[PDB]
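I have placed the structure first, in the form of structure tokens, so that the comments after it can refer back to it.
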Amino acid sequence: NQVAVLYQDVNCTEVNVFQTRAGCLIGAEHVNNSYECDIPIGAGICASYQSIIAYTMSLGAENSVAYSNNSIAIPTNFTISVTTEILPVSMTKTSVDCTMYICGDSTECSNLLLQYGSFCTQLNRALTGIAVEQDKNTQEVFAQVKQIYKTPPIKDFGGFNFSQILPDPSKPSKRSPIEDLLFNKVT
Amino acid sequence: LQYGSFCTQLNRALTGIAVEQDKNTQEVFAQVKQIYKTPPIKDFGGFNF
Amino acid sequence: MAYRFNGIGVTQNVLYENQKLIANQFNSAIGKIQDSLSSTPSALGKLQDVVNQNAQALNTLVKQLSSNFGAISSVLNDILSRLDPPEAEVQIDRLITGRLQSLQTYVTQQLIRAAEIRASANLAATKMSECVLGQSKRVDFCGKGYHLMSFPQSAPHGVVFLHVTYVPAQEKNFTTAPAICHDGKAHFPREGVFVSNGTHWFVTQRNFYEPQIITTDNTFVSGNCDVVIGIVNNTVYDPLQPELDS
Amino acid sequence: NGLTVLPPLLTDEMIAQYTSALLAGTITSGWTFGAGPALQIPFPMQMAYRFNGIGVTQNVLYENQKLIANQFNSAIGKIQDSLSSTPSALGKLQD
Amino acid sequence: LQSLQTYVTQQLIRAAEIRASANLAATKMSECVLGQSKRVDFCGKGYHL
């Protein structure tokens, strides 16, 4: 429950007191060591909970390659690596009735609105364009094959196991375990 | 205060821009986590850097 | 998978002679993917960011209906049933202008966010074409390392790519030379590199250590031993020589 | 009037340090440090690999090494002079 | 309020443009500095070394 306070663009003499280029920092204790950034303060200054400390951040470790005019390094083994990448594809399709929002069910308000011309039609057209764009996005990402392919019933691929990404027949959703976890983790 | 929450919207948009700038710089320049150094003697077969 | 090892510059025998180890590494990596997804909450923050931004925009739009914008009240029914048309017209004009301005701001921000989402979806379509339907040579486009393959998974309003790559490991130092001098001729490797462990000279492929005897089948000759800087003397074996010897 | 400017998180000296690390990595180890551990290699051999990349044999580089190095050095010097002598070079950042 | 809203909308448009430029720069740093590119005219005129 400990906190520190930063006052921006203020000198420390008009308000564990530290004067940075971002402002005046109260509640943090300044150290001469350098770590990776945890909470960015600014101008190269970061803060961390170790009490609360403020430090200049390090860019990384130091490494010097043993360069020579006749030396080489060759790998003798390898590693297989698997990594993830998440990308958003679409938004939710939302429609707004201009007259209902702006006037409700009153008629006098609508008669007065008719003096503003064609604003509501413009707004409706813009939202409709967004709504069709979303479906276009999903088509362009996912419908890249015109044949539905299935995997053979005997899963003999030379020792490689794909059960965590292939559909689960037990579930009613016919989703893979990883897809189940992904759909459960987003609220 | 009778106009509602316009000012909060404007501040939120500007804060989003300010965060995006630092994200841009990180994505361009911070592509290595090791700091490499050249050898003290610069003999690269005739190439001058 | 042997074809894909060829695609990154490694021979097929390297895959066929290590098939079980590679399969086990692949299976362990997929298992770790599942564990990491199950144990880390902030992994899917981008989709959650999109949802949160849209929801808070709608909440702000609905909340704006409680403002009076300089009129007597924010309720149309009360202001109509409390006043005559001559002044109700002016007050309703105030309300109408305020609500129209709020609606226009909402629509403008929605258009800008839609443009950003469209750029992201174009990138995802390019990745589905070039990492899932092929093997990519571009650096860091389909993961960190040398790209082998990729697998897609679907997520709410999004896509997840599992990139499988090759990473070198356990490197070792050797002495190297640009060419070999033999019989007053200069020899260069067809597809590898000359290496020396201190005593003997071999030729390896460049991404995996597998030394061979230097013969006339894995080298080609060009010029004499006078021009190249750093050439080394060593013998180049002739595979046809012992054949006619007997 | 309520206007203020926030400082960037990375200072100019830290961006310069990042670029110097990238230069040192590519000069001492080629493209290997971008895909795993950095593996040293002599620079003329790396340039021979890069000639192989565009469809030219290695002996072409090993037999013209001094000429190629001189051409490279002259090109870099001309880059420096051209930047120093033309004002409209950096128009985009100024815009 | 009108003046402030105009300023903020213009800033949002410009920020989108700058973000696109920075994404291009990040792709170039990955593919021309950390590797050798086969794409025509992506890392200069000629055959990229």
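Every chain is numbered from 1, with letters handed out A, B, ... down the list of sequences. In what follows, every heavy atom counts, from backbone to side chain, and hydrogens, waters and symmetry copies are set aside.
Pairs passing the salt bridge (charged side-chain N to carboxylate O under 4.0 Å, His left out) check and including a residue from residues 61-82 of chain D, sequence neighbours excluded, do not occur. Sorted by first and then second residue, the pairs that involve residues 33-48 of chain E and meet salt bridge (charged side-chain N to carboxylate O under 4.0 Å, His left out), not counting sequence neighbours, are E:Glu31-E:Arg39, E:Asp41-E:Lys45.
No donor-acceptor pair closer than 3.5 Å links the side chain of C:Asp183 to the backbone N or O of C:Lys185. With C:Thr219 contributing its side chain and C:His187 its backbone, the two residues share no donor-acceptor pair below 3.5 Å. Proximity of a side-chain donor or acceptor of C:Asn18 to a complementary backbone N or O of C:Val14 within less than 3.5 Å is detected. No donor-acceptor distance shorter than 3.5 angstrom exists from the side chain of A:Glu36 to the backbone of A:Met57, with no hydrogens or angles considered. No side-chain donor-acceptor contact under 3.5 Å links D:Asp12 to the backbone of D:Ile15. Without hydrogens or angle criteria, D:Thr19 side chain to D:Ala16 main chain gives a donor-acceptor distance under 3.5 Å. A:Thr79 places no side-chain N or O within donor-acceptor distance of the main-chain N or O of A:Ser81, the cut-off being under 3.5 Å. Between the side chain of A:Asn63 and the backbone N or O of B:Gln34, no donor-acceptor pair lies under 3.5 Å. With C:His147 contributing its side chain and C:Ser136 its backbone, the two residues share a donor-acceptor pair below 3.5 Å. Within the 3.5 Å criterion, the main-chain N or O of C:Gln25 finds no donor-acceptor partner in the side chain of C:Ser28.
Nearest heavy-atom pair, C:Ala186 versus C:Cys225, reported as atom, atom and distance to 0.1 Å: N-SG, 4.3 Å. Taking both residues in full, the closest heavy atoms of C:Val160 and A:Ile86 are given as CG2-CG1, 4.0 Å, listed atom of the first, atom of the second, then distance. Taking each heavy atom of C:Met128 and C:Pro152 in turn, the nearest pair found is CE-CB, 3.9 Å. The two residues B:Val28 and E:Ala22 make their nearest non-hydrogen contact at CG2-O, 3.6 Å. The two residues B:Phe49 and B:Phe47 come nearest to each other via the heavy atoms CZ-CB, 3.9 Å. Smallest separation of non-hydrogen atoms from C:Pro189 and C:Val203: CB-CG2, 4.1 Å.
Among C:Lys172, C:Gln170, C:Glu171, the single residue meeting the side chain to side chain donor-acceptor pair (under 3.5 Å) criterion with A:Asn77 is C:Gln170.
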N/O donor to acceptor pairs below 3.5 angstrom from side-chain atoms of residues 12-19 of chain E, sequence neighbours left out:
from	atom 1	to	atom 2	distance (Å)
E:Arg19	NH1	B:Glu20	OE1	3.1
E:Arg19	NH1	B:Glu20	OE2	3.1

In residues 24-31 of chain D, what donor-acceptor pairs under 3.5 Å come from side-chain atoms, sequence neighbours left out?
from	atom 1	to	atom 2	distance (Å)
D:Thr28	OG1	D:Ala24	O	2.8
D:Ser29	OG	D:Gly25	O	2.8

Atom pairs and distances, donor-acceptor, side-chain atoms in residues 86-95 of chain D, under 3.5 Å, two or more places apart:
none

Test side-chain contact (heavy atoms from CB on, under 4.5 Å) on C:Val195 and C:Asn197; report intermediate values, then the result. CA-CA 7 Å; C:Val195 293; C:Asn197 65 345; over 6 Å; no
Q: Would you sort out whether C:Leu133 and A:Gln144 count as a side-chain contact (heavy atoms from CB on, under 4.5 Å), showing the intermediate values?
A: CA-CA 10 Å; C:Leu133 265 56; A:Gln144 289 197 1; 4.0 Å; yes
Review point. Under the side-chain contact (heavy atoms from CB on, under 4.5 Å) criterion, do B:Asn48 and D:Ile76 qualify, and how do the steps go?
Key: CA-CA 9 Å; B:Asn48 197 0; D:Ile76 294 290; over 6 Å; no
Note to self: Could you go through C:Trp201 and C:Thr235, starting from their C-alpha distance and side-chain angles, then the distance that decides it, and tell me whether this counts as side-chain contact (heavy atoms from CB on, under 4.5 Å)?
What the structure shows: CA-CA 9 Å; C:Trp201 285 91; C:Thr235 186; over 6 Å; no
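Counted by atom type alone, C:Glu191 and C:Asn218 present zero donor-acceptor pairs between their side chains at under 3.5 Å. Between the side chains of A:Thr83 and C:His163, no donor-acceptor pair is found at a separation under 3.5 Å. In the model, C:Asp217 has no side-chain atom that pairs as donor or acceptor with a side-chain atom of C:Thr215 under 3.5 Å. Between the side chains of C:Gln212 and C:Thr204, no donor N or O sits under 3.5 Å from an acceptor N or O.
A distance of 9.0 Å separates CD1 of A:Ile39 from SG of A:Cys46, quoted to the nearest 0.5 Å. To the nearest 0.5 Å, atom CG of residue D:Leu23 and atom OH of residue B:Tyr36 are 13.5 Å apart. Considering CG of D:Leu10 and CG of B:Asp22, their distance stands at 7.0 Å, rounded to 0.5 Å. Rounding to the nearest 0.5 angstrom, the gap separating the CG atom in C:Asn24 from the CD1 atom in A:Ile80 is 11.5 Å. Rounding to the nearest 0.5 angstrom, the gap separating the OH atom in E:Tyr47 from the CD atom in E:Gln36 is 13.0 Å. Separation of atoms CG (D:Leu61) and CG (D:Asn52) is listed at 9.5 Å; rounding is to 0.5 Å.
With sequence neighbours left out, B:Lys23 forms a salt bridge (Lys or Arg N to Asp or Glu O under 4.0 Å) with B:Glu27.
You'll find the side chain of A:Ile74 stays beyond 4.5 Å of the side chain of C:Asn173, heavy atoms only. Using a 4.5 Å heavy-atom cutoff, the side chains of A:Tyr55 and A:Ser48 are in contact. The side-chain heavy atoms of A:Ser71 and C:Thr176, taken from C-beta on, include no pair separated by under 4.5 Å. Put simply, the side chain of A:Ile72 does not reach to within 4.5 Å of the side chain of D:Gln40, judged on heavy atoms. A heavy-atom distance below 4.5 Å is not found between the side chains of C:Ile229 and D:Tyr62. The side-chain heavy atoms of C:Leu21 and C:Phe26, taken from C-beta on, include no pair separated by under 4.5 Å. For the pair C:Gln205/C:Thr11, a side-chain contact is recorded, criterion being any heavy-atom separation below 4.5 Å from C-beta on. Contact check for C:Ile214 versus C:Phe194: side-chain heavy atoms found under the 4.5 Å cut-off.
A cation-pi contact, defined as under 6.0 Å to the ring centre and within 45° of the axis, links E:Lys28 to E:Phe42. Both tests pass for C:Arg206 against the ring of D:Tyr49: distance under 6.0 Å to the centre and angle within 45° of the axis.
Aromatic pair A:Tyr67/D:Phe43: centroids not less than 6.0 angstrom apart. Between C:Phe188 and C:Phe220, the ring centre distance stays below 6.0 Å. The distance between the ring centers of C:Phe202 and C:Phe174 does not fall below 6.0 angstrom.
In the displayed structure, D:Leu83 atom CG is contacted under 6.0 Å by more than 12 heavy atoms of other residues, nucleotides or ligands.
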